[PDB]
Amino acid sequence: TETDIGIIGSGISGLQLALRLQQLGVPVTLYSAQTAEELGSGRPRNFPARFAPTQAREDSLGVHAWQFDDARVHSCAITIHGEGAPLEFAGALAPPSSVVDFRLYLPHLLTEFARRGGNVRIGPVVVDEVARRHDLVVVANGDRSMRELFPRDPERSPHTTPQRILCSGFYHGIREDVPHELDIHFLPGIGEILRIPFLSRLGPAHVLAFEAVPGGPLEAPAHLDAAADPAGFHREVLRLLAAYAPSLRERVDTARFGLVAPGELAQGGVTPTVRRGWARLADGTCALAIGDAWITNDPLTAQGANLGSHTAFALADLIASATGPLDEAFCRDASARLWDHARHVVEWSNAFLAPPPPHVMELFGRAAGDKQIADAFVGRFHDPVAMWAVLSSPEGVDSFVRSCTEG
């Protein structure tokens, strides 16, 4: 037909857009730098949990898999360390979120797109070459984005350097109190420590993630070459766990503790950036950005992959129902529409990087003594808009607490 879409990048957003356009009848070509086999190898880059809305999109794409508890998180346990006793509460995540290694997930999608007749082009990409071949280019590569096509929007990008320095990897050798339960430790002015059960390509494992405030003490493991000195790395990880998350340190079977394999680790920082969602290319073909090519958030709120899955389904409906040309007016309206949802994700993600305001600290206390509140709070990780409605304003916390207390 006439609407021919060219997608660049094999992320979750690019692959789901390809699958969804294909379901809608839109001709689509995917330009991926890697093959399916290459997508299933290499060092891991991130550890995304996919909440219920993303699984529902996966349902309608006919790609739902990993339907067993080893790839699910059913409950979240939060510990806030103060100067007094640490604030502790746990709430249920119902439905569970899916914690599947993207070296299992992304090949799953790409393979199914190709098998359904999707046209897949493997190799390096020249934007103008894609623009010669399609009516619209959708860029959906990583955080590297294009940067030439989509400049950084400063009114939506309050940060310019990473707000956390990351050290995250798959580990064996941690005993588990509650199965399929996520552990978050908030260390004010220092950072966050997370332990997430996860299904990796190397089996079930523990994601031990240090989100370090830069210059603070948690930055240490992000700068150790764990391959060059495994013993030194693990010793430093255990030391920091002992210092700041002892409830986690006590569960470490030191006989088995360590990365599940050399390289199963990601270290670095992430600079939260919101870019301009559209771009006019040389020949007049326009270009839209989704996924990390458009918006980059700090992984702490775990909304990254979910936002890209949402923006893919939203952009697809716009492309598929577009009766006019896919010109700048279309792209500007599209980007505006996508930003209306993405805004809540960016502002919530940036809020969690900052010290918790008092009305947030109050909600945590209220949830520490009311299981209905803790369950309701955790359950809203499924919905970034409903979560941001609570965390933004102090009246949002109040109106939320009231609904949980039937008052």
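For every residue, the number given is its place in the sequence shown, counted from 1.
If you average the CA temperature factors over each stretch, which comes out higher, 225-233 or 100-108? Comparing averages over the C-alpha atoms only gives 225-233.
Given the B-factors recorded for C-alpha atoms, which segment has the greater mean, 273-281 or 137-145? Stretch with the greater average CA B-factor: 137-145.
Tell me, please, which of 208, 76, 199, 320 has the highest C-alpha B factor according to the deposited entry? Each of 208, 76, 199, 320 was compared by C-alpha B-factor; the highest is 76.
So among 122, 314, 178, 289, who wins on Cα B-factor in the entry? If I rank 122, 314, 178, 289 by C-alpha B-factor, first place goes to 178.
B-factor third for the C-alpha atom of residue 384 within its chain: Answer is middle: the recorded C-alpha B-factor places it there.
What third of the chain, by the recorded C-alpha B-factor, contains residue 170? Its C-alpha B-factor belongs to the lowest third of this chain's values.
Lowest, middle or highest third of the chain for the C-alpha temperature factor of residue 53? Lowest third - that is where residue 53 ends up once the chain's C-alpha B-factors are sorted.
Determine, from the deposited record, the chain-internal third of the Cα B-factor for residue 113: lowest, middle or highest. It belongs to the lowest third of the chain when residues are ordered by C-alpha B-factor.
Relative to the other modelled residues in the chain, which third contains the C-alpha temperature factor of residue 262: lowest, middle or highest? Answer is highest: the recorded C-alpha B-factor places it there.
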